Amino acid sequence: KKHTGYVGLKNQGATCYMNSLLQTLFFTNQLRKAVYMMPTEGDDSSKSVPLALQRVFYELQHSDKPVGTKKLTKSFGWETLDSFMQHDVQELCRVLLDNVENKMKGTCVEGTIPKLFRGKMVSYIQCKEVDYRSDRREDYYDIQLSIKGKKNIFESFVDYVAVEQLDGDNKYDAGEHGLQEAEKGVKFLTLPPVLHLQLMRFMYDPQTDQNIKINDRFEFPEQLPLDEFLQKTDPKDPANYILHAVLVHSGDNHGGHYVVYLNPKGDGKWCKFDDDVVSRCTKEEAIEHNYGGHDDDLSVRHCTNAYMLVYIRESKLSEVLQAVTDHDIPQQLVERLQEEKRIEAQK
Amino acid sequence: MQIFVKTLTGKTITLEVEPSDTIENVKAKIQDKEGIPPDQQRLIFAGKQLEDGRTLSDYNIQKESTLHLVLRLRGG
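What follows is the structure in structure tokens.
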């Protein structure tokens, strides 16, 4: 009837934020396969988030009509009214991947999430007046990028790795040297196969206790080279990334709507996923149009823009976005699910 | 011990804390310096959003660790 090949997700009330994330993770093929692999045989279908994700993924992959997510929200232990509260999509991502990661611990797919999304950074501190240096390596699953005053993703990363002065009110604690003035600089040691970028589109205004969303123009490319920001680069694997998904937030955080644009196969063929409606779109509708900064405009167009970006490493693309067939789904799973399409029938 | 927090303005500030401090405590110390209500704060470290109730030692947050402060863009 329509031609996208993909199905949407029904909105339960205010779950657009959840639907955008789910499409985003469903099309992270390698992760979907890992989830299908989780041991859900002896799980209570009403308390199991892993069974709920498997179910949502299976439907998205086989159904020909919008998919529901009530069993998913039920496995979170939520009551119906909880589906009517708006939420931040990056927040859902942090909490969900952590939950699924822990549930994967002890299983054959244990460690899958860190493998796909976790990277490492190095923080360098140095005292200006005392000869003392100290490093700190830290993992990350996404990068919050500074937007204000930044024209694009490059100026943003340049800003992320920029050395800062640990001055006056924030002087560095050396130890036996006490509070000293120092410089702090951050570099990346590794960038993951799948890169999640959170655009810092906020600022807190003291005269309202409110977060006023930053709708300024901020450009991000289809192709994103990041070798410049690695402490040490690798010739056989440059940190060249390809845009996969654009999570778009519309409105002020006084009410908004989430939608996600993806090119599932990483082939530049984009589609827009707005809850139950999946439609083919142009590259510009997914990219440029979500740069933001359309002011003096008295419309929603000004407050509609990219919040979260998903890039996939060029060298990992064919693996991360590997085709998933029924061959990849466990008989035990398929059967349990089809026995449900039954049990919900004769009743 | 001293830890760091990258604020909304993209600047790194210091916080004096103890391993047993709760995330609620930390959010509190941030309100003092940045003036942001704790209920609006989201602290991200090692890919995890720090849970109120838990403490710094629960997340193995040591001296010089850097936390990442973000707000929210709620949508439905």
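Protein sequences, first through last, are from chains A and B. Going left to right, the first sequence walks through residues 10 to 356 as my numbering numbers them. Going left to right, the second sequence walks through residues 1283 to 1358 as my numbering numbers them. Where a beta carbon is used, it is the ideal one built from N, C-alpha and C, also for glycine.
Requested in this report: Look up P1301 (chain B) in the DSSP assignment and say whether it is helix, strand or coil.
Outcome: For this step, residue 1301 (chain B) is matched to residue 19 along the second sequence. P1301 (chain B): coil per DSSP, three-state reduction.
Query raised in the report: Going by Cα to Cα distance, which pick from A:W279, A:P247 and A:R310 is closest to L200 (chain A)?
Result: Against the first sequence, residue 200 (chain A) aligns to sequence position 191. Among A:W279, A:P247 and A:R310, the Cα nearest to that of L200 (chain A) belongs to A:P247.
Report task. Excluding the 5 residues preceding and the 5 following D236 (chain A) in the sequence, name in chain order all residues of the same chain whose CB lies nearer than 6 Å to its CB. Result -> The residue given as residue 236 (chain A) occupies position 227 in the first sequence. Same-chain partners within the cutoff: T242, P247 and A248.
Requested in this report: Run down chain B in chain order and give the residues with a C-beta less than 8 Å from the C-beta of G260 (chain A).
Outcome: Here residue 260 (chain A) refers to the residue found at position 251 of the first sequence. Residues of chain B passing the Cβ test: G1357.
Query - 8 Å Cβ cutoff met for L1355 (chain B) and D97 (chain A) - result: Here residue 1355 (chain B) is taken as the residue at index 73 of the second sequence, counted from 1. Here residue 97 (chain A) is taken as the residue at index 88 of the first sequence, counted from 1. Against a cut-off of 8 Å, the Cβ pair of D97 (chain A) and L1355 (chain B) comes out as a contact.
Query - Presumed contact (8 Å Cβ cut-off) between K159 (chain A) and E147 (chain A), rounded CB distance - result: For the purposes of this step, residue 159 (chain A) is identified with residue 150 of the first sequence, where counting begins at 1. For the purposes of this step, residue 147 (chain A) is identified with residue 138 of the first sequence, where counting begins at 1. Actually they are not in contact, since the Cβ atoms of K159 (chain A) and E147 (chain A) sit about 23 Å apart, beyond 8 Å.
Requested in this report: Using a Cβ-Cβ cut-off of less than 7 Å, give me the residues of the region 1306-1334 of chain B that come near chain A, in sequence order.
Outcome: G1317, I1318, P1319, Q1322, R1324, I1326, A1328, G1329, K1330 and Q1331
Query - the region 206-232 of chain A: positions lying closer than 7 Å to chain B by Cβ - result: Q207, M209, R210, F211, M212, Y213, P215, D218, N220 and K222
Query - CA-to-CA distance, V333 (chain A) to residue 1241 (chain B), given in whole angstroms - result: This structure gives no information on residue 1241 (chain B), because the portion of chain B shown stretches from 1283 to 1358.
Report task. Report the residues of the region 186-202 of chain A with a CB closer than 7 Å to any CB of chain B, ordered along the chain. Result -> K193
Query raised in the report: DSSP state of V309 (chain A), grouped into three classes?
Result: Here residue 309 (chain A) is taken as the residue at index 300 of the first sequence, counted from 1. DSSP places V309 (chain A) in coil when its eight states are reduced to three.
**Report entry** Distance CB(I251 (chain A))-CB(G275 (chain A)) smaller than 8 Å
**Finding:** One-based indexing of the first sequence puts residue 251 (chain A) at position 242. One-based indexing of the first sequence puts residue 275 (chain A) at position 266. Result yes, Cβ atoms of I251 (chain A) and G275 (chain A) sit closer than 8 Å.
Query - Chain-order list of residues whose beta-carbon lies under 6 Å from that of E173 (chain A) (same chain, five-residue window excluded) - result: Counted from its first residue, the first sequence places residue 173 (chain A) at position 164. Excluding sequence neighbours, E173 (chain A) sits near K193.
Query - Proximal residues of chain B, C-beta to C-beta of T24 (chain A) below 8 Å - result: Position 15 of the first sequence, counting from 1, holds the residue named residue 24 (chain A). By Cβ distance, chain B contributes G1358.
Query raised in the report: Which two residues bound the contiguous beta strand (DSSP E) that contains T1291 (chain B)?
Result: Position 9 of the second sequence, counted from the first residue, corresponds to residue 1291 (chain B). Element bounds for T1291 (chain B): n/a, residue is neither H nor E.
Query raised in the report: Closest Cβ-Cβ distance between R1354 (chain B) and chain A: below 8 Å?
Result: Locating residue 1354 (chain B) in the second sequence gives position 72, where the first residue counts as 1. Yes, its Cβ sits closer than 8 Å to a Cβ of chain A.
Query raised in the report: At what residue ranges does the region 198-252 of chain A contain a whole run of the alpha helix (DSSP H), taking only runs of 4 or more?
Result: none
Query raised in the report: Around the C-beta of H336 (chain A), are 16 or more other C-beta atoms found within 10 angstroms, so that it is buried, or is it exposed?
Result: By 1-based counting over the first sequence, the position of residue 336 (chain A) is 327. Result: exposed.
**Report entry** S92 (chain A) versus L30 (chain A): straight-line alpha-carbon distance, rounded
**Finding:** As a first step, residue 92 (chain A) must be located in the first sequence, where it is residue number 83. As a first step, residue 30 (chain A) must be located in the first sequence, where it is residue number 21. Approximately 15 Å, taken between the alpha carbons.
Query - Contact with chain A by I1343 (chain B), beta-carbon distance below 8 Å - result: Mapped onto the second sequence, residue 1343 (chain B) falls at position 61. No, no contact with chain A.
Report task. Taking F229 (chain A) as the reference, give the member of A:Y300, A:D285 and A:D261 with the closest Cα. Result -> For the purposes of this step, residue 229 (chain A) is identified with residue 220 of the first sequence, where counting begins at 1. The shortest C-alpha separation from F229 (chain A) is found at A:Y300.
Query raised in the report: From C136 (chain A) to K157 (chain A), what distance separates their C-alpha atoms?
Result: Here residue 136 (chain A) refers to the residue found at position 127 of the first sequence. Here residue 157 (chain A) refers to the residue found at position 148 of the first sequence. Looking at the two C-alpha atoms, the distance is approximately 29 Å.
Query raised in the report: Going by DSSP, which residues form a beta bridge with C290 (chain A)?
Result: Along the first sequence, read from residue 1 onward, the residue named residue 290 (chain A) stands at position 281. For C290 (chain A), which the question treats as bridged, DSSP gives no partner whatsoever.
Query raised in the report: Straight-line CA distance for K196 (chain A) to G1329 (chain B)?
Result: Along the first sequence, read from residue 1 onward, the residue named residue 196 (chain A) stands at position 187. Along the second sequence, read from residue 1 onward, the residue named residue 1329 (chain B) stands at position 47. Approximately 17 Å, taken between the alpha carbons.
Query raised in the report: Is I321 (chain A) helix, strand or coil when you go by DSSP?
Result: Against the first sequence, residue 321 (chain A) aligns to sequence position 312. Strand at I321 (chain A).
Query raised in the report: Expressed to the nearest angstrom, what Euclidean distance is found between the alpha-carbon atoms of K83 (chain A) and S55 (chain A)?
Result: For the purposes of this step, residue 83 (chain A) is identified with residue 74 of the first sequence, where counting begins at 1. For the purposes of this step, residue 55 (chain A) is identified with residue 46 of the first sequence, where counting begins at 1. If you take the alpha carbons of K83 (chain A) and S55 (chain A), they lie about 6 Å apart.
Query raised in the report: Going along the chain, which residues of its own chain have a beta-carbon closer than 8 Å to the beta-carbon of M209 (chain A), five neighbours each way excluded?
Result: For the purposes of this step, residue 209 (chain A) is taken as residue 200 along the first sequence, with counting starting at 1. Taken in chain order, the residues that qualify are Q153, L154, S155, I156, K157 and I223.
Query raised in the report: In three-state terms, what does DSSP make of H266 (chain A)?
Result: Here residue 266 (chain A) is taken as the residue at index 257 of the first sequence, counted from 1. If DSSP states are grouped into helix, strand and coil, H266 (chain A) belongs with the strands.
Query raised in the report: Of all the residues that make up the region 249-281 of chain A, which are near chain B by a beta-carbon distance shorter than 8 Å?
Result: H258, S259, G260, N262, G264, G265, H266 and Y267
Query raised in the report: Hey, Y267 (chain A) and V255 (chain A) are a contact pair by Cβ (cut 8 Å); roughly how many whole angstroms apart?
Result: Residue mapping note: residue 267 (chain A) aligns to position 258 of the first sequence, counting from 1. Residue mapping note: residue 255 (chain A) aligns to position 246 of the first sequence, counting from 1. Actually they are not in contact, since the Cβ atoms of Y267 (chain A) and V255 (chain A) sit about 11 Å apart, beyond 8 Å.
Query raised in the report: Any idea if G265 (chain A) is buried or exposed, counting beta-carbon neighbours within 10 angstroms, 16 or more meaning buried?
Result: Looking up residue 265 (chain A) in the first sequence gives position 256. Buried is the call here.
Query - Opening and closing residue of the beta strand (DSSP E) in which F1327 (chain B) lies - result: Reading the second sequence from its first residue, position 45 is the one you call residue 1327 (chain B). Element bounds for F1327 (chain B): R1324 to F1327.
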